[PDB]
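Below: the structure, in structure tokens.
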Amino acid sequence: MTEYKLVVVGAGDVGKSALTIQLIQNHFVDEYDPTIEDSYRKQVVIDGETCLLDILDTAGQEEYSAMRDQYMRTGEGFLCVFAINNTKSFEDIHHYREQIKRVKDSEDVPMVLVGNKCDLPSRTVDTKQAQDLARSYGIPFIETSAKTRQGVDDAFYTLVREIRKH
Ligand SMILES: Nc1nc2c(ncn2[C@@H]2O[C@H](COP(=O)(O)OP(=O)(O)O)[C@@H](O)[C@H]2O)c(=O)[nH]1
Ligand SMILES: [Ca+2]
Ligand code: NA
């Protein structure tokens, strides 16, 4: 089968790791201690075609480092995650897109905008705002909760579809 290396980026505490664990292990974690070793592999079927997802979680890597750059050289598609209750994480998204464009040395990198923690009450970012930013990038936007599992499969599977159209 094809193997898809998907890299999850975003500000601290937005839920990169819980999203990854929810996808792979079908559990929601209340806390996650990152390592240098957190890649996760899982076989899934997307649109009738079996494939392998290799999820690389960037949690805990420094904002600018050789390891983070190596991680995104290896990635074929990217999830840019913010949290819908943290406006600053949504404002940081352009920084992660600029970083991916730099490392991949391209303006057309498979990417999906992910608005996580959609179960929480104190929303500060509208779906319309996020859709408008995704639209400016020409990429899909998906709303998720690693806790209720809403949108989790959709976000990773849509990213695979994005790779499959490149
Ligand atoms: N309610 C809620 N909490 C979440 C969600 N995603 C992550 N969290 C919590 O947010 C905190 C940070 O999550 P983590 O995955 O470690 O974020 P990361 O640093 O970006 O990898 C943890 O306490 C998680 O339990 C979500 O969708 N909903
Ligand atoms: Ca799962
Ligand atoms: Na954290």
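Order of listing sets the numbers, starting from 1, for every ligand and every atom in it. Positions are given from 1 along the sequence.
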Tell me the protein heavy atom at minimum distance from atom 23 (O) of ligand 1, and give that distance in Å. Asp30 O, 2.7 Å

Taking 4.0 angstrom as the limit and counting only heavy atoms of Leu120, give me the atoms of ligand 1 inside it, by number and element. 1 (N)

May I ask you to say whether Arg68 pairs ionically with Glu63, meaning some side-chain N is under 4.0 Å from a carboxylate O? no

What distance separates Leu113 CG from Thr158 OG1, expressed to the nearest 0.5 Å? 12.0 Å

Nearest non-hydrogen protein atom, atom 12 (C) of ligand 1: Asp13 OD1, 3.5 Å

Metal-centred angle, OD1 of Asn26 through the Ca ion (ligand 2) to O of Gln22, rounded to 10 degrees: 100°

Please answer: with hydrophobic residues joined when any side-chain heavy atoms are less than 4.5 Å apart, are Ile163 and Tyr40 in the same cluster? yes

Minimal non-hydrogen separation, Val109 against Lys104, with atom names: CG2-CB, 3.7 Å

What residue and heavy atom of the protein are closest to atom 6 (N) of ligand 1, and at what distance? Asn116 ND2, 3.1 Å

Starting from the Na ion (ligand 3), look over the N/O/S atoms of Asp13 and name the nearest one. OD1

Is it true that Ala11 lies under 4.0 Å from ligand 1, counting heavy atoms only? yes

Out of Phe82, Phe28, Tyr32, the nearest non-hydrogen contact to atom 4 (C) of ligand 1 is supplied by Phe28

Any idea which atoms of ligand 1 are less than 4.0 Å away from a heavy-atom of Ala59? 21 (O)

I'd like to know if the Ca ion (ligand 2) has an N/O/S atom from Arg149 within less than 3.0 Å of it, counting both backbone and side-chain atoms. no

Could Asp57 and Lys16 be called an ion pair, given the rule that one side-chain N must be under 4.0 Å from one carboxylate O? no

Would one find an N or O of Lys16, backbone or side chain, under 3.5 Å from an N or O of ligand 1? yes

For ligand 1 and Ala18, I'd like to know whether there is a polar contact (N/O to N/O, distance under 3.5 Å). yes

I want to know if ligand 1 touches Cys118 in the polar sense, i.e. an N/O pair below 3.5 angstrom. no

Is the shortest N/O to N/O distance between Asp57 and ligand 1 below 3.5 Å? no

Nearest non-hydrogen partners of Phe141 and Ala134, listed with the distance: CB-CB, 3.8 Å

Do any N/O atoms on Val29 end up under 3.5 angstrom from N/O atoms on ligand 1? yes

To check your reading of the model: name the closest protein heavy atom to atom 14 (P) of ligand 1, its residue, and the distance in Å. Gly15 CA, 3.8 Å

Nearest non-hydrogen protein atom to atom 1 (N) of ligand 1, with distance, is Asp119 OD2, 2.9 Å

Checking heavy atoms under 4.0 Å, the part of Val14 that sits near ligand 1 is both

Could you find the nearest protein heavy atom to atom 21 (O) of ligand 1 and give me its residue, atom name and distance? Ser17 OG, 2.7 Å

Is the closest basic N to carboxylate O distance between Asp69 and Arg102 below 4.0 Å? yes

Decide, yes or no, whether a salt bridge links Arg123 with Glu143 under the criterion of side-chain N to carboxylate O below 4.0 Å. yes

If we ignore hydrogens and angles and just use 3.5 Å, is the side chain of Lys147 paired with the main-chain N or O of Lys117 as donor and acceptor? no

Only one of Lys5, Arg97, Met111 passes side chain to side chain contact (heavy atoms under 4.5 Å, CB included) with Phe78; say which it is. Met111

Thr144-ligand 1 polar pair, N/O distance under 3.5 Å: no

Would you say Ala146 and ligand 1 have an N/O pair spaced under 3.5 Å apart? yes

The one among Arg149, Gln150, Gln22, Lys117 that brings a heavy atom closest to atom 9 (C) of ligand 1: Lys117

Without hydrogens or angle criteria, can the side chains of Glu162 and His166 be said to hold a donor-acceptor pair below 3.5 Å? no

Do the side chain of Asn86 and the main chain of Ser89 share a donor and acceptor less than 3.5 angstrom apart? yes

Does the side chain of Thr148 come under 3.5 Å of the side chain of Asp119 through a donor N or O and an acceptor N or O? no

